[PDB]
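1. Below you'll find the sequence and an experimental structure to go with it.
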Amino acid sequence: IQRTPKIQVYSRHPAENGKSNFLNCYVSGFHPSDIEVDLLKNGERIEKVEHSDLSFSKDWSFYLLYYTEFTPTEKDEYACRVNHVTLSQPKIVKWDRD
Amino acid sequence: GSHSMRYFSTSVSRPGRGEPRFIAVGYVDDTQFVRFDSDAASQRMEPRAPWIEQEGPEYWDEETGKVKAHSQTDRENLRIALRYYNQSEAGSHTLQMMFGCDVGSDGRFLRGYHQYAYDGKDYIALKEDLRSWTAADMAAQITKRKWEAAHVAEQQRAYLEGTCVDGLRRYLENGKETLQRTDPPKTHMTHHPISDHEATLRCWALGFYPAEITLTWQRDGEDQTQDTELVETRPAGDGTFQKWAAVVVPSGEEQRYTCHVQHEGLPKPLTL
Amino acid sequence: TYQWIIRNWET
């Protein structure tokens, strides 16, 4: 059995142009555990990405949170690139300002 | 209020790539307070909350010991599982384990858990009574029978009614400041247009702790507004959680629809 | 405080 990941790209604090924040990608509800999560700054991978320790919920549902220290702008476009077994090709979700 | 301790541990086999990876995490309600990772440099039980550093080298000596043993039992259990499910060595398999206890406001025993899931599906679980087992499929039945004969549940009962509660109480005192806290949700509200003759408006809860929140809406004072777009509670990263619920409305009735936010940091709920 | 998980599935 396999379960497709639920992806959520958002900020730690309420987003505002030019002010420091953390861009988060929250992958949950996936099985097996082996996941690839890339944070994007104009289609190009952010190499200094840190992640949460592999944990789960009572329903054995896997959860992780990959996060980065940044400064958001009006010019740059942010997103989350995710590939699992349940996914043929990477599924990218754009960081919607709201 | 009520409290809980939990240890979540995952074992993933890497056929030909060494010994299965063991990652064990401990929580007090929603606070990751301990960590163990087989592939990590440390090779010891590590702290993840400031209030656990006050535990002496003796604590970390013992805790590292128990967790390296659990690591071996599940290493043992993954090989066994291949036999019981008639599987190959070439495949990579997951073995998850969850154990802990719930305690009331008085820090007294309420519930105990001791369970396994192989390949994301339940295998064997400790019953609410703490005396017998729940063997999901046919294979687990072989484990249930030997464990019932040997009265294994007693070794678990002594931990859950004893050491688990005794230890959780101790954590609740030492970490009074951060653990007994209740961060209320920082209420927000946004509005965006669907396609001129339609519009969408969502409310947000953002700086709360614990993860328990109810973002239920209301149309014209009626509870009946179930066609809502609700998201999963997500962690901010600064030890706080957020959740939002967007509801579509007929352009001109944006003011007609109210939103009710339920949390324990607020004595009375918030209506927007 | 972690538990002693010292009994396997076949024991």
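-> Received it, and whenever you're ready, just let me know what you need. Numbering: from 1, shown residues only, chains lettered A, B, ... in the order given.

2. Which helix or strand contains the residue nearest the centre of chain A?
-> For chain A, residue A:25 is the residue whose C-alpha lies nearest the centre (Cα atoms, centre = their mean; 2.1 Å). Counting by DSSP states H and E, the element that carries residue A:25 is strand A:21-30.

3. sec struct for the nearest residue to residue C:10 once chain neighbours are set aside, please.
-> Excluding the flanking residues, the one nearest residue C:10 by Cβ to Cβ, 6 or more residues apart in numbering or on different chains is residue B:80, at 5.1 Å. (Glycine included, C-beta is placed from N, CA and C.) Of the three states, residue B:80 takes helix under DSSP: H, G, I helix; E, B strand; the rest coil.

4. which residues touch residue B:80?
-> C:8, C:9, C:10 (Cβ atoms under 8 Å, 6 or more residues apart in numbering or on different chains).

5. what number of residues lie near the closest residue to chain A within the stretch 1-150 of chain B?
-> Nearest to chain A in the stretch 1-150 of chain B, going by Cβ to the nearest Cβ, is residue B:120, at a distance of 4.0 Å. By other Cβ atoms under 10 Å in any protein chain shown, 20 other residues sit near residue B:120.

6. swap in residue B:214?
-> 12.

7. Quick one: residues contacting it.
-> Contacts of residue B:214 by Cβ under 8 Å, 6+ apart are B:260, B:261, B:262, B:263.

8. just curious, which of these is nearest to chain C?
-> Distances from chain C to the contacts of residue B:214, taken by Cβ to the nearest Cβ, are shortest for residue B:263, at 30.1 Å.

9. Burial check on the closest one, number of neighbours?
-> Residues near residue B:263, counting by other Cβ under 10 Å: 21.

10. from memory it sits against residue B:207, does it?
-> No: the pair residue B:263 and residue B:207 fails to qualify as a contact (Cβ atoms under 8 Å) at a distance of 10.8 Å.

11. residues shared between the contacts of the two?
-> Common contact partners of residue B:263 and residue B:207 (Cβ under 8 Å, 6+ apart): B:184, B:185.

12. Near chain C, which residues of the stretch 1-150 of chain B? Just list them.
-> Residues of the stretch 1-150 of chain B lying near chain C by Cβ under 8 Å from any Cβ of the partner chain: B:7, B:24, B:26, B:34, B:45, B:63, B:66-67, B:69-70, B:73-74, B:76-77, B:80-81, B:84, B:97, B:99, B:114, B:124, B:142-143, B:146-147, B:150.

13. hmm, 6 Å instead?
-> B:63, B:66, B:67, B:69, B:70, B:73, B:76, B:77, B:80, B:99, B:143 (Cβ under 6 Å from any Cβ of the partner chain).

14. What's the PyMOL line that selects buried ones from the residues you listed?
-> Command for PyMOL that selects the buried part of the residues of the stretch 1-150 of chain B next to chain C, burial taken from 16 or more other Cβ atoms under 10 Å in any protein chain shown:
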select buried, chain B and resi 63+66+67+70+73+77+80+99+143
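
15. Closest to residue A:44 out of the residues of the stretch 1-150 of chain B next to chain C?
-> Using Cβ to Cβ, residue B:67 comes nearest to residue A:44 of the residues of the stretch 1-150 of chain B next to chain C, at 39.1 Å.

16. For the closest residue to chain B within chain C, list the residues it contacts.
-> Nearest residue of chain C to chain B, counting by Cβ to the nearest Cβ: residue C:1, 3.5 Å away. With contacts defined as Cβ atoms under 6 Å, 6 or more residues apart in numbering or on different chains, residue C:1 is in contact with B:163, B:167.

17. Tell me how far it lies from chain A.
-> With the distance defined as Cβ to the nearest Cβ, to the nearest Å, residue C:1 ends up 18 Å from chain A.

18. Next: residue B:228.
-> Distance from residue B:228 to chain A, by Cβ to the nearest Cβ: 17 Å.

19. ok, that residue touching residue B:247?
-> Yes: counting by Cβ atoms under 6 Å, residue B:247 is a contact partner of residue B:228 at 5.2 Å.

20. sorry, back to before: can you list which of the contacts of residue B:80 are found in strands?
-> Per DSSP state E, strands hold no members of those.

21. you'd agree residue B:95 is up against residue B:11?
-> Yes: the pair residue B:95 and residue B:11 qualifies as a contact (Cβ under 6 Å) at a distance of 4.3 Å.

22. Mind listing the residues bridging to the residue of chain A at minimum distance from chain B?
-> Closest to chain B within chain A is residue A:31: 4.0 Å, counting by Cβ to the nearest Cβ. Counting by DSSP bridges, residue A:31 is bridged to residue A:3.

23. same question, residue A:41
-> Residue A:41 has these beta-bridge partners by DSSP bridges: residue A:44, residue A:78.

24. buried ones in stretch A:52-59?
-> Buried, per 16+ other Cβ under 10 Å, within stretch A:52-59: A:52, A:53, A:54, A:55, A:56.

25. now do stretch A:30-43
-> Neighbour-count burial for stretch A:30-43 [16+ other Cβ under 10 Å]: A:30, A:31, A:32, A:33, A:35, A:37, A:38, A:39, A:40, A:41.

26. Likewise for stretch B:147-158?
-> So for stretch B:147-158, counting by 16+ other Cβ under 10 Å, buried means B:147, B:152, B:153, B:155, B:156, B:157.

27. Tell me if the fifth one really is in a helix.
-> Yes: inclusion of residue B:156 in a helix is indicated when three-state DSSP is applied.
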